[PDB]
Amino acid sequence: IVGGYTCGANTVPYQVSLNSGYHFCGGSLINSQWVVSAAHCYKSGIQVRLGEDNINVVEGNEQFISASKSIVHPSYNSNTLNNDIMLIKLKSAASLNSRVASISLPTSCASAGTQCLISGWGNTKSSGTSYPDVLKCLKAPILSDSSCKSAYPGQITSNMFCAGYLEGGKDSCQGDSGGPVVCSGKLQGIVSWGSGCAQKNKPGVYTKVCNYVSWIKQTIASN
Ligand SMILES: N=C(N)c1ccc(/N=N\Nc2ccc(C(=N)N)cc2)cc1
Ligand SMILES: [Ca+2]
């Protein structure tokens, strides 16, 4: 997260870190046994780390649970990142508590202008690299689809939206991938992609979760 702020320990209790020996993506807990992340975060041997704040220090609220199953969206296209969404089932149910909480799926889509909370342990620099240890947060509005598609001609699909600040300075970034964009109490976005980070006229691109709620619910119900 570039230009964000320190969330505060466990203030984003649905935020998970996906770990394969190191943090490599965020993900959002959607129930005790399921995380949603970006399909581009897919790897074998994922451990989901819940209750994390400082991802490099055991602070006492963590639950580390291995994934039993990863389900990448049927139509995920890694070239275009269209349908950049994946479900990860945990080997065992997370113990839900105030610091490890699920986030509601949308029942409908969010609108341009809606303010969202984007969070992650991704790079905090737009030039160069600094990875934070504690969770970073960014409040960012959903941008009109037209500004999104103007920003990234030929790359934005109906399964994507832009959020952030065309001015630059405030964005998600590498390492935030897969993490939540939560708007009005619902997971509306997954950190998906962008050009660099917090660059002028290159807002964050986010998987449009509300397109996937049927698939998520059906997939979870069947798995
Ligand atoms: N500007 C953003 N919103 C944004 C930009 C990039 C982004 N990328 N995530 N992850 C990512 C993963 C791997 C590489 C790599 N092969 N070197 C680079 C980036 C996630 C969000
Ligand atoms: Ca920790």
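State to the nearest 20 debye the size of the charge dipole of the chain about its Cα centre, where the only charges are +1 on K and R beta carbons and -1 on D and E beta carbons. Before the final figure, lay out the partial values.
Values: 16 positive and 10 negative charges, 65 e Å.
With only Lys, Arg, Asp and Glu charged at Cβ, the dipole is about 320 debye.
For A9 paired with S147, estimate the spin-label separation in nm (one decimal), with each label point 7 Å from Cα along the Cα-to-Cβ line.
3.7 nm
Run the paramagnetic zone check for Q155: 7 angstrom along Cα to Cβ, then residues of region 75-96 with backbone nitrogen under 20 Å.
Taking a point 7 Å out along Cα→Cβ of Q155, the residues of region 75-96 whose backbone N falls under 20 Å are 76-86.
Under 18 Å between alpha carbons: how many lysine pairs meet that in the chain, if sequence neighbours fewer than 8 apart on the same chain are excluded?
Value for the chain: 26.
Pairwise over distinct Cα atoms, reciprocal of the mean inverse distance: report the Kirkwood radius of region 77-152 in Å, one decimal place.
Working: mean 1/r = 0.0619 Å⁻¹.
The answer is 16.2 Å.
Okay, helix-only estimate at 222 nm for the chain: each DSSP H run of n ≥ 4 adds -39500 (n - 2.57), divide by all residues, round to 500 deg cm²/dmol; what do you get?
Roughly -2000 deg cm²/dmol at 222 nm, from the helical runs in the chain.
Can you tell me the mean projection area, over all orientations, of the convex hull of region 155-223's alpha carbons? Units nm², please.
Details: hull surface 21.2 nm².
Approximately 5.3 nm², given one-decimal rounding.
Taking Rh as the Kirkwood radius computed over C-alpha pairs, what is the Stokes-Einstein D of the chain at 37 °C in a medium of viscosity 0.692 mPa s, expressed in µm² per second?
Numbers: Rh = 16.6 Å.
For the chosen part, D equals 197 µm²/s.
List the chymotrypsin sites (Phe, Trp or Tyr not before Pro) in region 83-173 that DSSP assigns to loop (not H, G, I, E or B) and whose Cβ has at most 10 other Cβ atoms within 10 Å. Which are they? Kindly include the intermediate steps, with their values, before the conclusion.
Numbers: sites: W121, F161, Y165; in loops: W121, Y165.
Taking region 83-173 and a limit of 10 other Cβ atoms within 10 Å, no loop chymotrypsin sites (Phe, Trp or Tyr not before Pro) are found.
When every alpha-carbon pair in region 74-117 is counted, what percent end up more than 14 Å apart? Write down the numbers at each step before the final one.
Numbers: 692 of 946 pairs.
Result: 73 percent of Cα pairs exceed 14 Å.
How do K149, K170 line up, fewest other C-beta atoms within 10 Å first? Mind showing how you got there, number by number?
Working: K149 17, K170 21.
Least to most surrounded, the residues fall as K149, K170.
At a temperature of 25 °C and a viscosity of 0.890 mPa s, determine how fast region 101-223 diffuses translationally according to Stokes-Einstein, using the Kirkwood radius over alpha-carbon pairs as Rh; express D in µm²/s, rounded to the nearest whole number.
Values: Rh = 14.4 Å.
Rounded, D is 170 µm²/s.
Based on alpha-carbon centroids, what's the gap between region 55-126 and region 182-215 in Å, whole number please?
What the calculation gives is 12 Å, centre to centre.
Using the alpha carbon gyration tensor of region 2-66, what are the three equivalent-ellipsoid semi-axes (square root of 5 times each eigenvalue), largest first, in whole Å? Intermediate results must be reported in sequence, preceding the final value.
Numbers: eigenvalues 64, 37, 31 Å².
Value: 18, 14, 12 Å, ordered largest first.
Arrange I46, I156 by Cβ neighbour counts within 10 Å, fewest through most, would you?
Taking fewest neighbouring Cβ atoms as first place, the list is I156, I46.
Across the Cα atoms of region 10-128, what radius of gyration and what greatest pairwise Cα-Cα distance (Dmax) are found, in Å?
14.4, 40
Because the Cβ atoms are built from the backbone with ideal geometry, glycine has one as well, and the counts that use them run over all protein chains shown. No lab work stands behind these numbers, since they all come straight from the coordinates.
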